[PDB]
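So this first bit is one chain, no partners, the form deposited in one PDB entry, shown in structure tokens.
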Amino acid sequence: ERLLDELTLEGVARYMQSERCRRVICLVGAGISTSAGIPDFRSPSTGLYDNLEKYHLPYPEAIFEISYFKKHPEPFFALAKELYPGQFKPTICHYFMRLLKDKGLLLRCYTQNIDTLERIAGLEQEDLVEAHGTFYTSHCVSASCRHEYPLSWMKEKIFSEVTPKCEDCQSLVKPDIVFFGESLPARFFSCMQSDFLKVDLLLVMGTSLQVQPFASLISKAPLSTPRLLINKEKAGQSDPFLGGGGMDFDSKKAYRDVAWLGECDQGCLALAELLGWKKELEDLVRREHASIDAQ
């Protein structure tokens, strides 16, 4: 009756190695990068919030909001400095997605992350929907100019605590991220519309599936499409307070959703192992990590 012969990682792996499974969509968030040293905590530290008193954040979460950024960009850039990763070394999970690409299985990775690690791990623009943008590029905010700045330039401005200004026109230079309160890129919707007609497996990793419309992507999968969540905790289930498309891992009616609870790296390693890809993944990670360490 169902595509997965059992609702387990082993069932998913067997399905992936069947003719049924050609196209995998990954949906990822911050949990895929915590083992890269990027914590899934994005609020200012207490010290930072207190340091920002003079910018009169109307509420502490205003630092994520575009309206507030347009009034005072400095809190955001101070937060960016505090949160700036010390290194950009993608995780086992990222490289697992690279293997999906290498093996012709990756239809798309929809990421909420802004840390650029998917790109470093070798997912290309075509493979990616950076649903909430990225720090990979920044732009002058003036439509008349739109000068593009690489992350190296933005990094230098962030760490020097210099509000980044465009060299051509002295406008603010904003990382290409989607602030809270901003609309998602057209690419998100265009790709969603096409990709979810084609998906054979949804692999959801490292996200609490709280932010919309990203979280609603799970409901865009065809009813038959297996959905594997690799995450520290179950996410994406229906909200019992509302009374769609929620994950059903555990009811009597469950037929296609699998939760593997633990570290994304460990889940991807376990899945890779079941697929016969563990050595390939280990070798890829080790060489890429070595290369990044040697930068």
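Don't overthink the numbering: it's just position in the shown sequence, from 1. Rigid core: the largest C-alpha set superposing within 1.5 Å between the two forms.
Heads up, the form deposited in another entry isn't pictured, but that's what we're talking about next.
Lining up the core between this form and the one not shown shows that one residue from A235, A30, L57, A270 moves its Cα 2 Å or more, and that residue is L57. Core-aligned CA deviation for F135 between this form and the one not shown: 2 Å or greater.
Comparing the forms between this form and the one not shown on their rigid core, the Cα displacement of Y255 stays under 2 Å. Once the cores line up, the CA of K157 ends up 2 angstroms or more apart between this form and the one not shown.
Between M154 and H94, the C-alpha separation grows by 3 Å or more in the other form, relative to the conformation displayed.
Inter-residue distance, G29 to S43 (Cα): reduced by at least 3 Å in the other form versus the depicted form.
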